[PDB]
Structure formats: structure tokens, C-alpha cells
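Peer 1: Below: the sequence, then the experimentally determined structure.
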Amino acid sequence: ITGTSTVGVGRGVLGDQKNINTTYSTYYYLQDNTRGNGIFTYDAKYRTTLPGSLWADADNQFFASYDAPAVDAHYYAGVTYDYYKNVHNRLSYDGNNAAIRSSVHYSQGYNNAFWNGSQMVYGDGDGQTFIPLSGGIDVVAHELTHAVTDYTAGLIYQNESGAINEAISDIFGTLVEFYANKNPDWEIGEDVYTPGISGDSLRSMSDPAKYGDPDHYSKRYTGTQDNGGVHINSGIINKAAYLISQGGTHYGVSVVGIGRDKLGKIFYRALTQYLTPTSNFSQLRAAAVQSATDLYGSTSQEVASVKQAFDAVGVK
Ligand SMILES: N[C@@H](CCCC[NH3+])C(=O)O
Ligand SMILES: [Ca+2]
Ligand SMILES: [Ca+2]
Ligand SMILES: [Ca+2]
Ligand SMILES: [Ca+2]
Ligand SMILES: [Ca+2]
Ligand SMILES: [Zn+2]
Ligand SMILES: [Zn+2]
């Protein structure tokens, strides 16, 4: 909408106060004009028609319980935009400052979130498996990263290419969580999953097997559930990424860690320069090796660590 840029204040899903960029024209709208062609947050009003209505508020204060998922979807989309721009020199998900759109209050008791090809969508959860899913910065950044993948490598969402697609979203979701630097970890979804259970999460990158996901190619899932295991076999790649950054010895193979920033540079370059829609795990290894070679040189520790990490998870 046409209006003037304003700054509202509200409380997110976890009870934290934050400022949000809004637009004033009669109402205050969740429309942030400070980033690219805008970040726009919509109310789906417990239905499944998308996007719903651009979020309107009478007073620019967003402290109602109903407001909290919208505050966080809007704010964390901004953090994610900032990460890609500041760290990778990428302007929005398409590289050309495309508007970022999110809808909250999708359906009733909906225990998921997604990128639908055009926008992000967040359920409220049922209050037991999940609370509103936009409360997790790693979740928001995971979903927006699917848009980045859409516009770059285009990894088909099935089998190994789909597991890479998922792992890319978990990797960058985690790197955005570290960028914001509020209670960062190598777990996925911990802030919004199972409010009655402390210390759990949806997936773990540091130890995928904690939640039943493979941490070695020999343990990959080969069945048809979950589009051929895209959220299961992602553990093999998540573990490799964790090892590249943090180091460790895994099934007897030692990896020298090179840190999160270099992990992000290597995988961003692989995603945008080398991966294709049909890339498999072996082709990801080759893409990561070539990316690290471009950035750091063939004789570098960074290249050696990429190779050790893929060896450790059984990907040749
Ligand atoms: N986002 C993942 C994990 C489940 C999230 C809620 N059931 C999926 O759609 O499979
Ligand atoms: Ca208000
Ligand atoms: Ca109010
Ligand atoms: Ca965390
Ligand atoms: Ca996390
Ligand atoms: Ca929990
Ligand atoms: Zn997903
Ligand atoms: Zn995903």
C-alpha cells in the first residue's frame, strides 16, 4: 500500500519486545519499506486462502496474543533479508529485491510452515506439538531459504536433490539464527516445538540420529515416504555441514573445523554457482570442493576439511 514508513512496537511469540517497520495509511500495516521492494505480512484468519489480508492495526502497537505470530514473521523475515544482503551480497530471494510475503494464522491448529512457490506460510500449531511457527528464527529462515533455492540451484524436491534442498534450508536457517545471536544452536525448531518438553527439537544437525535421522550415507532412507525422505536424508548433509564448521571425529574420521562463516561462504557459492535441479549427494560434494577451491585455494585447509566431512558421512 502507498503510505509513509513508520516504526511500531510489539511482542513476539516468545514474549520478547521488538520494533517492527510498518506503513501508515489510515491503518498501520505490516509493510516494511526499508528492505528491498518491501516485506509484507498477512493475516490468513485461520483459513487456507492465501495470502489473506495485509495485516492492519489501528495504533501501531502489536502486543495482543493474536499479533505475536505476525510480529515474528515480519521481524524475522527482516533479519533473514539482512543476513543474505550483508553476508552474501544477495538482494532478497531472487537477487533483485523481490517483495517478501508471509501469511500467519494459516488454518486451524496447523503444525507446520512452508514456502508455497510464492510466499511463506505459518501455522499456529495445536499448542502441544507446536506453538506458532514464526516464533522460530531458524524456521523463518529455513522457509525463506527455499525461495533462494527455487531461484538458484532449483533442487527438485524428491530423493537426494530434495534432501540437499532441505539441508540447505536447515544450514542457512541455522546460520541466520547465529547471525541474530539469540540463543543460537545447531538444532532446528527448538523455540516452537513441544512447549511442554524442554531440550528437544525437530531435527539436530550436530547429531541427526537423536531424532531418528541418518548421519551416514549407509543409513539413508530409500523408501517413498516424505518425498523419498527429504527431511530424513537431510541429516547426512546437515552432519557434514556441522563437521565442516565445528569439526569432530565421526565414525572414526576426523574433521578440522573451519567455522560458520566459511561454511556459509562455501555452501552459498555451491548453491548459486554449481548445484543444479538434479544434483545428488556426490555432486554436492564436488560442488562444495570446487567452491572451497575457488574461495580458499586447492591446497587450503578449507578444501581438506570439506573432503574430510563428506568422507565422514560416507559421501564420495
Ligand atoms: N517441516 C517438516 C517437519 C514437520 C513439521 C511439522 N509436522 C515436514 O513438513 O515434514
Ligand atoms: Ca494494536
Ligand atoms: Ca493495540
Ligand atoms: Ca536456538
Ligand atoms: Ca535452532
Ligand atoms: Ca520443546
Ligand atoms: Zn519444509
Ligand atoms: Zn524445508
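Peer 2: That came in fine, so what should we check first? Numbering: from 1, shown residues only. Ligands and ions are numbered 1, 2, ... in the order given.
Peer 1: where does this structure come near ligand 5, residue by residue?
Peer 2: 138, 177, 185, 187 (C-beta under 5 Å from the ion). Just so you know, the C-beta spots here come from the backbone N, C-alpha and C atoms, and that holds for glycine as well.
Peer 1: Tell me which entries of the residues you listed lie within strands.
Peer 2: Among the residues of the chain next to ligand 5, the members falling in strands (DSSP state E) are residue 187.
Peer 1: Closest one of the residues of the chain next to ligand 5 to residue 167?
Peer 2: residue 138 (13.2 Å; C-beta to C-beta).
Peer 1: That closest one: neighbour count?
Peer 2: 30 (other C-beta atoms under 10 Å).
Peer 1: Could you pull up the residues touching it?
Peer 2: Listed by C-beta atoms under 8 Å, 6 or more residues apart in numbering, the contact set of residue 138 reads 170, 173, 174, 176, 177, 188, 189, 190, 191.
Peer 1: does the residue nearest to it when sequence neighbours are not counted belong to a helix or a strand, and which?
Peer 2: Of all residues not flanking residue 138 in the chain, residue 173 sits nearest, at 4.0 Å (C-beta to C-beta, 6 or more residues apart in numbering). When elements are assigned from DSSP states H and E, residue 173 belongs to helix 159-180.
Peer 1: Can you list the buried residues in that helix?
Peer 2: 159-180 (16 or more other C-beta atoms under 10 Å).
Peer 1: Helices of this protein, start to end?
Peer 2: 68-88, 137-151, 159-180, 225-229, 234-246, 260-269, 281-296, 301-312 (DSSP state H).
Peer 1: Convert the second one to PDB, retaining C-alpha atoms only.
Peer 2: Read it as helix 137-151. The C-alpha trace of helix 137-151 is given here as PDB (Å, rounded to 0.1, in the frame of the first residue of the first chain):
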ATOM      1  CA  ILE A 137      14.000 -17.600  13.600                       C
ATOM      2  CA  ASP A 138      15.500 -20.800  12.200                       C
ATOM      3  CA  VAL A 139      12.100 -21.800  10.900                       C
ATOM      4  CA  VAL A 140      11.500 -18.500   9.200                       C
ATOM      5  CA  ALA A 141      15.000 -18.500   7.600                       C
ATOM      6  CA  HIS A 142      14.500 -22.200   6.600                       C
ATOM      7  CA  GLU A 143      11.400 -21.300   4.700                       C
ATOM      8  CA  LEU A 144      12.800 -18.200   3.000                       C
ATOM      9  CA  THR A 145      15.900 -20.200   2.000                       C
ATOM     10  CA  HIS A 146      13.600 -22.500   0.000                       C
ATOM     11  CA  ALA A 147      12.800 -19.400  -2.100                       C
ATOM     12  CA  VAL A 148      16.500 -18.700  -2.600                       C
ATOM     13  CA  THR A 149      17.000 -22.300  -3.700                       C
ATOM     14  CA  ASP A 150      14.000 -22.000  -6.100                       C
ATOM     15  CA  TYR A 151      15.700 -19.100  -7.800                       C
END
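Peer 1: how far is that helix from where the chain is centred?
Peer 2: Remark: helix 137-151 is offset 4 Å from the chain centroid, using C-alpha atoms, centre = their mean, to the nearest Å.
Peer 1: quick one: is that helix near ligand 4?
Peer 2: No. Helix 137-151 stays clear of ligand 4 (C-beta under 5 Å from the ion), getting no nearer than 6.7 Å.
Peer 1: Helix 68-88 and that helix, what's the angle between them?
Peer 2: 60 degrees (axes from the mean of the first three to the mean of the last three C-alpha atoms, to 10 degrees).
Peer 1: what about helix 137-151, near ligand 1?
Peer 2: No. Residues of helix 137-151 are not located near ligand 1 by C-beta under 6 Å from any ligand atom, the shortest gap being 8.1 Å.
Peer 1: what's near enough to touch the closest residue to residue 94 other than its chain neighbours?
Peer 2: Distances taken as C-beta to C-beta, 6+ apart put residue 151 closest to residue 94, at 4.8 Å, once the chain neighbours are dropped. Contacts for residue 151 (C-beta under 8 Å, 6+ apart) come out as 93, 94, 95.
Peer 1: any chance of those in JSON lines, with neighbour count and distance to ligand 3 too?
Peer 2: Compiled in JSON lines, those are given as follows (neighbours: other C-beta atoms under 10 Å; distance: C-beta to the ion, whole Å):
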{"residue": "93", "neighbour count": "24", "distance to ligand 3": "31"}
{"residue": "94", "neighbour count": "15", "distance to ligand 3": "34"}
{"residue": "95", "neighbour count": "15", "distance to ligand 3": "37"}
